[PDB]
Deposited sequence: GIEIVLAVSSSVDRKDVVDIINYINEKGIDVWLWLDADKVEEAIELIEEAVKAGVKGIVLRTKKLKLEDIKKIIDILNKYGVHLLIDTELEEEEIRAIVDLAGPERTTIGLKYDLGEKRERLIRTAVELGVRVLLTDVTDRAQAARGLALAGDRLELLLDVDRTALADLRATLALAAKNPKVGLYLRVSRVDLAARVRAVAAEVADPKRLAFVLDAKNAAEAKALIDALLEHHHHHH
């Protein structure tokens, strides 16, 4: 399996390092999903995460525009940072970022709870070959619709603690049937996180788990639940 640490740029850089160290001590790939809330501290985290042995880094661009990313593109490239655009910008801005970084280092990210604005971004991303990530997914109907609109560019962020058993099994089956689809399992509850492992081993299954690094202690025990 792989563990993704989703943090803001302002997380105490110490705690992320121990979590990265703890995960690497178990011989497991660890990724960093970093919110670019402040650029200077984001770069400091990127350097710290790289030195701690992170497998890779995804930068959630947040409110950063094209000009902001331009000033740090050399730093992003030298550290191999993947860009996740928050879809608060217009198609002109998203196309500019995709053209700047390349379609294969860029992902369109949006909560499924959007309406027609959700569908507008998927079509543009599909044309550009950019992967599109649907977050806050809880029902199989949402996953099936995302597969219909996005095809093999689809990525799903599944809210495990808010997903019923039937939807969890169906979404896992959909991912197994469509292996090019990226499936990410956001987990906080220890019992439910262990539950996915048992269900996934019967229905599917690599597994990517998305964790918060708010407190180191619960994150360790959460990592141990996923083994």
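A.B. asks: Where does the structure fail to cover the deposited sequence at the C-alpha level?
C.D. replies: Absent from the structure are positions 1, 207 to 208, 231 to 237.
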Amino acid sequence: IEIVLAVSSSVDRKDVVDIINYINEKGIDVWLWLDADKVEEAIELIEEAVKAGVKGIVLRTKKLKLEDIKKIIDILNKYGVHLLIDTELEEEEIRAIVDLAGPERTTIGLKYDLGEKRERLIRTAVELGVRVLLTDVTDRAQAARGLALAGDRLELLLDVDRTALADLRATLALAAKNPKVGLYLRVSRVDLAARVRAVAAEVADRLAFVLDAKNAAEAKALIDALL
From here on, numbers count along this sequence of modelled residues.
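A.B. asks: Do the C-alpha atoms of 153 to 161 or of 120 to 128 have the higher average B factor in the entry?
C.D. replies: The entry gives the higher C-alpha B-factor average to 120 to 128.
A.B. asks: Look up the CA B-factors in the entry and say which stretch, 36 to 44 or 171 to 179, has the higher mean.
C.D. replies: Taking the mean B-factor of the alpha carbons in each, 36 to 44 is higher.
A.B. asks: Between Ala141, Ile72, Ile108, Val137, which one tops the list for C-alpha B-factor in the PDB entry?
C.D. replies: Max CA B-factor in the entry, restricted to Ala141, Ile72, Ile108, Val137: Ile72.
A.B. asks: From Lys51, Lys55, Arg60, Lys65, can you pick the one with the highest C-alpha B factor in the entry?
C.D. replies: Checking the PDB record, the top C-alpha B-factor among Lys51, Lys55, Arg60, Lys65 is at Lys65.
A.B. asks: Against its chain's modelled residues, does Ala225's Cα B factor rank lowest, middle or highest third?
C.D. replies: Its C-alpha B-factor belongs to the highest third of this chain's values.
A.B. asks: Place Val11 in the lowest, middle or highest third of its chain's C-alpha B-factors, as listed in the PDB entry.
C.D. replies: Its C-alpha B-factor, which the entry lists for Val11, ranks in the highest third among residues of this chain.
A.B. asks: Lowest, middle or highest third: where is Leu83 by Cα B-factor in its chain?
C.D. replies: As the PDB entry reports it, the C-alpha B-factor of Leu83 lands in the lowest third of its chain.
A.B. asks: So where's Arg186 on the chain's Cα temperature factor ranking, which third?
C.D. replies: It falls in the bottom third of the chain.
A.B. asks: Rank-wise, by C-alpha B-factor, drop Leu76 into the lowest, middle or highest third of its chain.
C.D. replies: Its C-alpha B-factor, which the entry lists for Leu76, ranks in the middle third among residues of this chain.
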